[PDB]
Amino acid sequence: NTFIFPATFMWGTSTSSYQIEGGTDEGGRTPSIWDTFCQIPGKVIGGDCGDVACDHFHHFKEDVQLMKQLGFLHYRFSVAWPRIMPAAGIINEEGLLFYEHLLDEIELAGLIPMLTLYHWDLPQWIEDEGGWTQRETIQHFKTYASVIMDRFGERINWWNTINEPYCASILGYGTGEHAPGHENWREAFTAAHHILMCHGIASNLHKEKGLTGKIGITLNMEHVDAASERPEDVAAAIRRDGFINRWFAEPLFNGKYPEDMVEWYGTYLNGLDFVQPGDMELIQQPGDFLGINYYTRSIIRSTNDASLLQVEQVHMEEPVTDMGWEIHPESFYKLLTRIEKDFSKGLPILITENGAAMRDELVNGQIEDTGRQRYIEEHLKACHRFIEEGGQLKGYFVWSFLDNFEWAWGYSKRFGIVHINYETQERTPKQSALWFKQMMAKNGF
């Protein structure tokens, strides 16, 4: 009953720049959309902001060393657009220097980096111009992505372009739940089209510059089950699946948007007027691999309410994380299977994010996060069954090396395998982290 993974399998850990760096107003960095958003009353639990966070801006050498020490060969992180383009066409050298050094430290410990271009921290000055609702924002991205590839690229083995287009567009402009916080479906779908284009943009810059590092986008995806055998519930579930998965996965592989969702979004798509000749072609670039972020499944039922989808999520109080997120490892296996069948059909799949937030309690310098634990192991068995059955899973990055600013949840939630004491900033590996070390050692469990 042991679970062994390929010899070539990629074992990593990942983070996000705004979620851990801190030093928000240091080194030339100008405010990102989240620095603003977090000030809006009621948007983030406790009113928390990304100020300081894990202060990884100052503790990076210790952190990376802590990774090496923890047995990690791969590390996915993101570049804060704000540190690079603090204003229109400027280019802060002090920002690039920070990452360059980070890379010196990474390579010095013998780790393999994966740089994520955009992880939701859009410069405020750009949102002022209209942010993602403006096609003009795409050129701003081109500028940003070009500098990053010119300054590095030779040392970047893996390029992760956009992280969860869904969240940055639907939640950021549609539901108002993520920065910048707009509530306008017309803008959400427009923003979703512009951010997907940026993946194509960075893909074109990639090949144009002749880089050798693999490249790909990351899509957060969730398995969807109908709440009952009732027709409308099955209909509801289909709608949720197209809302989060198909709307972003379809254009990336099939060069088109889900016909049914397009039909359903009626007047909100405004005749799909934000699409221009070439856009879909630009977007349809799977690249070298598909990055996936999975956390939980969705159980849907239908409603006849005033919301966009008219779908209701059943709240399975069953095994759940500190976020109320149900733990259903079977669904992860089911999603991975479905993704290979449609979309990827063979292409290498990479899990750029997977983990959980449980209530942590520090006991005698140790965190017995058995829970987080029963979560990573169980989902890894899911990943093991997908392989063994022919799945193309080539890597897994446990999400959140460090506890961090958990977006709308603020610091009220802990996703790390390394516990952060915010009063002192000291790092203390949790039991799950040690388990992961011994796990990667036997390359299985």
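Sequential numbering from 1, following the sequence displayed.
In this entry, 69-77 has the higher mean Cα B-factor, the comparison being between 162-170 and 69-77.
Here 245-253 and 150-158 are compared by their mean Cα B-factor, and 150-158 comes out higher. Out of 181, 355, 329, 291, it is 329 whose C-alpha atom has the highest B-factor in the PDB entry. If you compare the C-alpha temperature factors of 124, 296, 218, 303 in the entry, 303 comes out highest. Annotation for residue 41: CA B-factor lies in the lowest third of the chain's modelled residues. Annotation for residue 383: CA B-factor lies in the highest third of the chain's modelled residues.
Looking at the C-alpha B-factors along this chain, the one for residue 116 belongs to the lowest third. Residue-level temperature factors show residue 389 in the highest third of its chain, judged at the C-alpha atom. Sort the chain's modelled residues by C-alpha temperature factor and residue 131 lands in the lowest third, per the entry.
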